[PDB]
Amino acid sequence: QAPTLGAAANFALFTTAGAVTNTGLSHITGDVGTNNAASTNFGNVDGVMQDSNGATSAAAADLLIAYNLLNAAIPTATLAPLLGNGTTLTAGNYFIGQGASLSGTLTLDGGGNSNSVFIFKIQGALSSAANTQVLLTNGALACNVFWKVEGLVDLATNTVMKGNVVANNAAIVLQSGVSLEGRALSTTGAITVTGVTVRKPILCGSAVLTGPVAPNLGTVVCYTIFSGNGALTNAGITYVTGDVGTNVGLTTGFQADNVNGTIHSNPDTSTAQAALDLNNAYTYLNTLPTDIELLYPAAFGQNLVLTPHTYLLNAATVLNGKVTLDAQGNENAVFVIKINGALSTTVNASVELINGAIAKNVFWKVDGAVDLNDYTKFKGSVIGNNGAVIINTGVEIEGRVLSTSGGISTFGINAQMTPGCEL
């Protein structure tokens, strides 16, 4: 059996004792923390910032247990300290009785068995040369790779690294552009990262993320652009699949032959029922418990990747460029993004879906105005509350844009509802 990390598994970056510091734009999936200080200068992290609390205390204890199992592992072979340079290794417990250095390419080959475990016992420091790459093949999984390092871990610029890097009574330093599918864990010592990507490995018994239970949209699943209260006005050449309308005021500017659906030119029984159902959905989304707070709403996007959870952005939010929603292979995964303020975007902003994520299962609860800037590619169901909506030239929506209250103005857009309507 590979060693369990217990609570330490929750983390991308963790030290039992010391400072945890970021510089520049880093992309992190997993908790970040220290059991005796507070991490500084991180941007948006897909994980909880855990500082000197019950979570870090638990991680500290389980990291110790993990370390001891690593230290107890009976070596299957000895390696020279120069690791990589085109070398391939199969499963084993590898003993290096001095400081080690990674260089060039190192391939870990699973032999067609995803249960293959690779443990490196480094009796000294571990360094890499710039542009070093650790590669996995033939079934090998990052969650089954471990480095037990008795000294400073220092990974050079653009190092591609795999596995759980456990530094015992030493610091970890991850230089510009390091990309780690794995974890940086210290039993005490500082962690310093600069412009890195670190994503905790999935599998090896990690719970499959589902996200929260999706709201029931009721009849508003059949609408694509809808206001509970306020004029709905389109200009330019716009195409819609699904219904459009307002429950208070007039809908104008949509050309019937461009709408695969019904334009409700003024309020009717359908808009009345949609308005009730929109309020119910908003209230449901608003009251879902927050899993992860994204601490920098002004900096949202910039190639942030999210996983199935309920997120809170606790201020007006700007989507700059791209945000990606990663279902991690679970097509039924739900993402809820609660925004406590207005939502606006840059031109060419985008929401992208990977690893099975579908727009039907993405929801945005926006407590304020919604403004989708020119040529934004937006996905999911946006439910705004008390604020005007503007959807600018060329915006593409796979999903819907709804407001409980507020006028809506659209300009030359293409908006197509996601599945659920049965009319």
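A residue's number is simply how far along the shown sequence it sits, counting from 1.
- Two stretches are in play, 95-103 and 194-202, and the higher mean C-alpha B-factor belongs to 95-103.
- Averaged over CA atoms, B-factors in the entry run higher in 160-168 than in the other of 160-168 and 254-262.
- Of all the options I292, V334, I237, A77, the entry's greatest CA B-factor is assigned to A77.
- The PDB entry assigns its highest CA temperature factor, among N303, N330, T317, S127, to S127.
- Among the modelled residues of its chain, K338 has a C-alpha B-factor that falls in the lowest third, as given in the PDB entry.
- Ranked by C-alpha B-factor against the other modelled residues of its chain, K322 falls in the lowest third.
- Ranked by C-alpha B-factor against the other modelled residues of its chain, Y284 falls in the middle third.
- The deposited CA B-factor of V32 belongs to the middle third of values across its chain.
- Compared with the other modelled residues of the chain, the Cα B-factor recorded for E181 ranks in the middle third.
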